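Peer 1: So here's model.txt, just compact mmCIF, N, CA and C atoms:
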# COMPACT_ATOMS: atom_id res chain seq x y z
N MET S 1 25.11 -14.72 -10.74
CA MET S 1 25.99 -15.28 -9.67
C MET S 1 26.70 -14.13 -8.95
N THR S 2 27.58 -14.48 -8.05
CA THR S 2 28.33 -13.43 -7.30
C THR S 2 29.78 -13.87 -7.10
N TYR S 3 30.70 -13.05 -7.54
CA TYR S 3 32.15 -13.41 -7.38
C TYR S 3 32.75 -12.67 -6.18
N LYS S 4 33.82 -13.21 -5.65
CA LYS S 4 34.47 -12.55 -4.46
C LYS S 4 35.74 -11.82 -4.89
N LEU S 5 35.82 -10.56 -4.58
CA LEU S 5 37.04 -9.80 -4.98
C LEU S 5 38.09 -9.88 -3.87
N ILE S 6 39.34 -9.81 -4.27
CA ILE S 6 40.45 -9.84 -3.29
C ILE S 6 41.37 -8.64 -3.54
N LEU S 7 41.23 -7.63 -2.73
CA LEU S 7 42.07 -6.41 -2.91
C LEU S 7 43.47 -6.61 -2.33
N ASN S 8 44.45 -6.61 -3.20
CA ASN S 8 45.85 -6.78 -2.73
C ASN S 8 46.57 -5.42 -2.79
N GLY S 9 45.85 -4.39 -2.43
CA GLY S 9 46.46 -3.04 -2.48
C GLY S 9 47.70 -2.98 -1.59
N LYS S 10 48.70 -2.30 -2.06
CA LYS S 10 49.95 -2.19 -1.27
C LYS S 10 49.70 -1.31 -0.04
N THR S 11 48.77 -0.41 -0.18
CA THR S 11 48.45 0.50 0.96
C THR S 11 47.13 0.07 1.61
N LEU S 12 46.46 -0.88 1.01
CA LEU S 12 45.16 -1.33 1.60
C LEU S 12 44.74 -2.69 1.03
N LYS S 13 44.47 -3.63 1.91
CA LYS S 13 44.04 -4.99 1.45
C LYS S 13 42.61 -5.27 1.94
N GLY S 14 41.81 -5.83 1.08
CA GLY S 14 40.40 -6.13 1.48
C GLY S 14 39.79 -7.20 0.58
N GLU S 15 38.49 -7.29 0.60
CA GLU S 15 37.80 -8.30 -0.24
C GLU S 15 36.28 -8.12 -0.11
N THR S 16 35.60 -8.09 -1.22
CA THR S 16 34.12 -7.91 -1.15
C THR S 16 33.44 -8.66 -2.30
N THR S 17 32.21 -9.04 -2.10
CA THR S 17 31.48 -9.79 -3.16
C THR S 17 30.48 -8.88 -3.87
N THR S 18 30.41 -9.02 -5.18
CA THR S 18 29.46 -8.18 -5.97
C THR S 18 28.59 -9.08 -6.86
N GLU S 19 27.36 -8.68 -7.03
CA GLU S 19 26.45 -9.49 -7.89
C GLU S 19 26.57 -9.04 -9.35
N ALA S 20 26.90 -9.95 -10.21
CA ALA S 20 27.05 -9.59 -11.66
C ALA S 20 26.47 -10.70 -12.54
N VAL S 21 26.03 -10.33 -13.71
CA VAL S 21 25.45 -11.35 -14.63
C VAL S 21 26.55 -11.98 -15.49
N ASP S 22 27.60 -11.24 -15.73
CA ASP S 22 28.71 -11.78 -16.57
C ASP S 22 30.06 -11.30 -16.03
N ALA S 23 31.12 -11.75 -16.65
CA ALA S 23 32.48 -11.34 -16.19
C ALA S 23 32.78 -9.90 -16.64
N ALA S 24 32.40 -9.59 -17.85
CA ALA S 24 32.67 -8.21 -18.37
C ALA S 24 32.11 -7.17 -17.40
N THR S 25 30.86 -7.29 -17.07
CA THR S 25 30.25 -6.31 -16.13
C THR S 25 30.90 -6.43 -14.75
N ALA S 26 31.40 -7.60 -14.45
CA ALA S 26 32.05 -7.79 -13.12
C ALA S 26 33.38 -7.02 -13.07
N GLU S 27 34.08 -7.03 -14.17
CA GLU S 27 35.38 -6.31 -14.22
C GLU S 27 35.17 -4.81 -13.96
N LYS S 28 34.09 -4.29 -14.47
CA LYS S 28 33.80 -2.84 -14.28
C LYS S 28 33.17 -2.60 -12.90
N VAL S 29 32.27 -3.47 -12.52
CA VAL S 29 31.61 -3.30 -11.19
C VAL S 29 32.66 -3.23 -10.08
N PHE S 30 33.49 -4.24 -10.01
CA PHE S 30 34.54 -4.23 -8.95
C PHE S 30 35.50 -3.06 -9.17
N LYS S 31 35.91 -2.86 -10.39
CA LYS S 31 36.85 -1.74 -10.67
C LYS S 31 36.26 -0.43 -10.13
N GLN S 32 34.97 -0.29 -10.25
CA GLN S 32 34.32 0.94 -9.74
C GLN S 32 34.44 0.99 -8.21
N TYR S 33 34.52 -0.16 -7.61
CA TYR S 33 34.64 -0.20 -6.12
C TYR S 33 36.09 0.09 -5.71
N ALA S 34 37.00 -0.67 -6.25
CA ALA S 34 38.44 -0.45 -5.90
C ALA S 34 38.80 1.03 -6.05
N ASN S 35 38.12 1.69 -6.95
CA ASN S 35 38.41 3.14 -7.16
C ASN S 35 38.03 3.95 -5.92
N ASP S 36 37.00 3.51 -5.24
CA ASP S 36 36.57 4.24 -4.01
C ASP S 36 37.59 4.06 -2.89
N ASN S 37 38.69 3.42 -3.21
CA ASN S 37 39.75 3.20 -2.17
C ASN S 37 41.12 3.61 -2.72
N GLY S 38 41.26 3.56 -4.02
CA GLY S 38 42.56 3.95 -4.64
C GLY S 38 43.38 2.70 -5.00
N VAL S 39 42.75 1.79 -5.71
CA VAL S 39 43.46 0.54 -6.12
C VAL S 39 43.32 0.33 -7.63
N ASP S 40 44.31 0.79 -8.36
CA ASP S 40 44.26 0.64 -9.85
C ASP S 40 45.60 0.11 -10.37
N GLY S 41 45.57 -1.05 -10.97
CA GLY S 41 46.82 -1.63 -11.51
C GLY S 41 46.51 -2.85 -12.39
N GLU S 42 46.86 -4.01 -11.91
CA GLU S 42 46.58 -5.24 -12.69
C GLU S 42 45.33 -5.92 -12.15
N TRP S 43 44.60 -6.57 -13.02
CA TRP S 43 43.35 -7.25 -12.58
C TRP S 43 43.36 -8.72 -12.98
N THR S 44 42.93 -9.56 -12.07
CA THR S 44 42.90 -11.03 -12.36
C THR S 44 41.48 -11.59 -12.20
N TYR S 45 41.29 -12.78 -12.69
CA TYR S 45 39.95 -13.42 -12.59
C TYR S 45 40.13 -14.92 -12.28
N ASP S 46 39.48 -15.38 -11.25
CA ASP S 46 39.59 -16.83 -10.89
C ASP S 46 38.30 -17.57 -11.26
N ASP S 47 38.11 -17.79 -12.53
CA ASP S 47 36.87 -18.50 -12.97
C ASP S 47 36.88 -19.94 -12.47
N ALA S 48 37.86 -20.28 -11.68
CA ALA S 48 37.94 -21.67 -11.14
C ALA S 48 37.14 -21.78 -9.84
N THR S 49 36.93 -20.66 -9.19
CA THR S 49 36.16 -20.69 -7.91
C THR S 49 35.31 -19.41 -7.78
N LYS S 50 35.13 -18.73 -8.87
CA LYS S 50 34.32 -17.47 -8.83
C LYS S 50 34.90 -16.51 -7.79
N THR S 51 36.13 -16.13 -7.99
CA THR S 51 36.79 -15.20 -7.03
C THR S 51 37.60 -14.14 -7.81
N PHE S 52 37.18 -12.90 -7.76
CA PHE S 52 37.93 -11.85 -8.49
C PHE S 52 39.16 -11.46 -7.67
N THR S 53 40.11 -10.83 -8.31
CA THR S 53 41.32 -10.42 -7.56
C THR S 53 42.05 -9.31 -8.30
N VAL S 54 42.50 -8.33 -7.56
CA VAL S 54 43.24 -7.20 -8.19
C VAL S 54 44.47 -6.89 -7.34
N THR S 55 45.50 -6.40 -7.97
CA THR S 55 46.74 -6.09 -7.20
C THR S 55 47.39 -4.80 -7.74
N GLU S 56 47.41 -3.78 -6.93
CA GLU S 56 48.02 -2.50 -7.39
C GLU S 56 49.50 -2.72 -7.74
Once more with this new file: its structure as structure tokens, please.

Peer 2:
Amino acid sequence: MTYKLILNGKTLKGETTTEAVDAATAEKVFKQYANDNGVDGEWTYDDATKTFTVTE
């Protein structure tokens, strides 16, 4: 499946979808992306609508 990430960076806000087989790999896949922008802090998961979300 594919979940949608929601970047709530204080210096940058965005959102992108990544293809993952499970949530564990999804946490790292997206985390690897947010790093390419400088967004590291708390991470959330919306298994209610397949939407990832992170907030620096």

Peer 1: Using Å and a single decimal, report how far atom C of residue 56 (chain S) sits from CA of residue 2 (chain S).

Peer 2: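 About the pair CA of residue 2 (chain S) and atom C of residue 56 (chain S): they are 23.7 Å apart.
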
Peer 1: Please provide as a PDB file with N, CA and C atoms, in the coordinates of the input all residues within 8 Å of region 11-20 of chain S, with the sequence filter that same-chain residues fewer than 2 positions apart are discarded (counting all atoms listed in the file).

Peer 2:
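Dumped to around.pdb:
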ATOM      1  N   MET S   1      25.110 -14.720 -10.740  1.00  0.00           N
ATOM      2  CA  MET S   1      25.990 -15.280  -9.670  1.00  0.00           C
ATOM      3  C   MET S   1      26.700 -14.130  -8.950  1.00  0.00           C
ATOM      4  N   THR S   2      27.580 -14.480  -8.050  1.00  0.00           N
ATOM      5  CA  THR S   2      28.330 -13.430  -7.300  1.00  0.00           C
ATOM      6  C   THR S   2      29.780 -13.870  -7.100  1.00  0.00           C
ATOM      7  N   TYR S   3      30.700 -13.050  -7.540  1.00  0.00           N
ATOM      8  CA  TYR S   3      32.150 -13.410  -7.380  1.00  0.00           C
ATOM      9  C   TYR S   3      32.750 -12.670  -6.180  1.00  0.00           C
ATOM     10  N   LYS S   4      33.820 -13.210  -5.650  1.00  0.00           N
ATOM     11  CA  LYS S   4      34.470 -12.550  -4.460  1.00  0.00           C
ATOM     12  C   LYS S   4      35.740 -11.820  -4.890  1.00  0.00           C
ATOM     13  N   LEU S   5      35.820 -10.560  -4.580  1.00  0.00           N
ATOM     14  CA  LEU S   5      37.040  -9.800  -4.980  1.00  0.00           C
ATOM     15  C   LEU S   5      38.090  -9.880  -3.870  1.00  0.00           C
ATOM     16  N   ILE S   6      39.340  -9.810  -4.270  1.00  0.00           N
ATOM     17  CA  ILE S   6      40.450  -9.840  -3.290  1.00  0.00           C
ATOM     18  C   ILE S   6      41.370  -8.640  -3.540  1.00  0.00           C
ATOM     19  N   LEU S   7      41.230  -7.630  -2.730  1.00  0.00           N
ATOM     20  CA  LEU S   7      42.070  -6.410  -2.910  1.00  0.00           C
ATOM     21  C   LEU S   7      43.470  -6.610  -2.330  1.00  0.00           C
ATOM     22  N   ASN S   8      44.450  -6.610  -3.200  1.00  0.00           N
ATOM     23  CA  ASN S   8      45.850  -6.780  -2.730  1.00  0.00           C
ATOM     24  C   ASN S   8      46.570  -5.420  -2.790  1.00  0.00           C
ATOM     25  N   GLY S   9      45.850  -4.390  -2.430  1.00  0.00           N
ATOM     26  CA  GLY S   9      46.460  -3.040  -2.480  1.00  0.00           C
ATOM     27  C   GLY S   9      47.700  -2.980  -1.590  1.00  0.00           C
ATOM     28  N   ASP S  22      27.600 -11.240 -15.730  1.00  0.00           N
ATOM     29  CA  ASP S  22      28.710 -11.780 -16.570  1.00  0.00           C
ATOM     30  C   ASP S  22      30.060 -11.300 -16.030  1.00  0.00           C
ATOM     31  N   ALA S  23      31.120 -11.750 -16.650  1.00  0.00           N
ATOM     32  CA  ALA S  23      32.480 -11.340 -16.190  1.00  0.00           C
ATOM     33  C   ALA S  23      32.780  -9.900 -16.640  1.00  0.00           C
ATOM     34  N   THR S  25      30.860  -7.290 -17.070  1.00  0.00           N
ATOM     35  CA  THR S  25      30.250  -6.310 -16.130  1.00  0.00           C
ATOM     36  C   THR S  25      30.900  -6.430 -14.750  1.00  0.00           C
ATOM     37  N   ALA S  26      31.400  -7.600 -14.450  1.00  0.00           N
ATOM     38  CA  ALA S  26      32.050  -7.790 -13.120  1.00  0.00           C
ATOM     39  C   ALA S  26      33.380  -7.020 -13.070  1.00  0.00           C
ATOM     40  N   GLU S  27      34.080  -7.030 -14.170  1.00  0.00           N
ATOM     41  CA  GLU S  27      35.380  -6.310 -14.220  1.00  0.00           C
ATOM     42  C   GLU S  27      35.170  -4.810 -13.960  1.00  0.00           C
ATOM     43  N   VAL S  29      32.270  -3.470 -12.520  1.00  0.00           N
ATOM     44  CA  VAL S  29      31.610  -3.300 -11.190  1.00  0.00           C
ATOM     45  C   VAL S  29      32.660  -3.230 -10.080  1.00  0.00           C
ATOM     46  N   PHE S  30      33.490  -4.240 -10.010  1.00  0.00           N
ATOM     47  CA  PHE S  30      34.540  -4.230  -8.950  1.00  0.00           C
ATOM     48  C   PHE S  30      35.500  -3.060  -9.170  1.00  0.00           C
ATOM     49  N   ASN S  37      38.690   3.420  -3.210  1.00  0.00           N
ATOM     50  CA  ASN S  37      39.750   3.200  -2.170  1.00  0.00           C
ATOM     51  C   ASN S  37      41.120   3.610  -2.720  1.00  0.00           C
ATOM     52  N   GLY S  38      41.260   3.560  -4.020  1.00  0.00           N
ATOM     53  CA  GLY S  38      42.560   3.950  -4.640  1.00  0.00           C
ATOM     54  C   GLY S  38      43.380   2.700  -5.000  1.00  0.00           C
ATOM     55  N   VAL S  39      42.750   1.790  -5.710  1.00  0.00           N
ATOM     56  CA  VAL S  39      43.460   0.540  -6.120  1.00  0.00           C
ATOM     57  C   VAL S  39      43.320   0.330  -7.630  1.00  0.00           C
ATOM     58  N   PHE S  52      37.180 -12.900  -7.760  1.00  0.00           N
ATOM     59  CA  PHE S  52      37.930 -11.850  -8.490  1.00  0.00           C
ATOM     60  C   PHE S  52      39.160 -11.460  -7.670  1.00  0.00           C
ATOM     61  N   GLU S  56      47.410  -3.780  -6.930  1.00  0.00           N
ATOM     62  CA  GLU S  56      48.020  -2.500  -7.390  1.00  0.00           C
ATOM     63  C   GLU S  56      49.500  -2.720  -7.740  1.00  0.00           C
TER      64      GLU S  56
END

Peer 1: Within 6 Å of (43.9, -9.4, -8.5), in the coordinates the file gives, what residues turn up when you count only C-alpha atoms, written out as a list in words?

Peer 2: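 Those residues lying close to the given coordinates are residues 43, 44, 53, 54 and 55 of chain S.
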
Peer 1: Write out as a list in words all residues of chain S that DSSP puts in strand (DSSP E) for this structure's backbone.

Peer 2: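 Going through chain S, the strand (DSSP E) residues come out as residues 2, 3, 4, 7, 8, 13, 14, 17, 18, 19, 42, 43, 44, 45, 46, 51, 52, 53, 54 and 55 of chain S.
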
Peer 1: Just to confirm, what's the straight-line distance from atom N of residue 50 (chain S) to CA of residue 35 (chain S) in Å (one decimal)?

Peer 2: 22.2 Å

Peer 1: From a DSSP pass on the backbone, collect the residues of chain S flagged as alpha helix (DSSP H) and hand them back as a list in words.

Peer 2: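 Alpha helix (DSSP H) assignments inside chain S correspond to residues 23, 24, 25, 26, 27, 28, 29, 30, 31, 32, 33, 34 and 35 of chain S.
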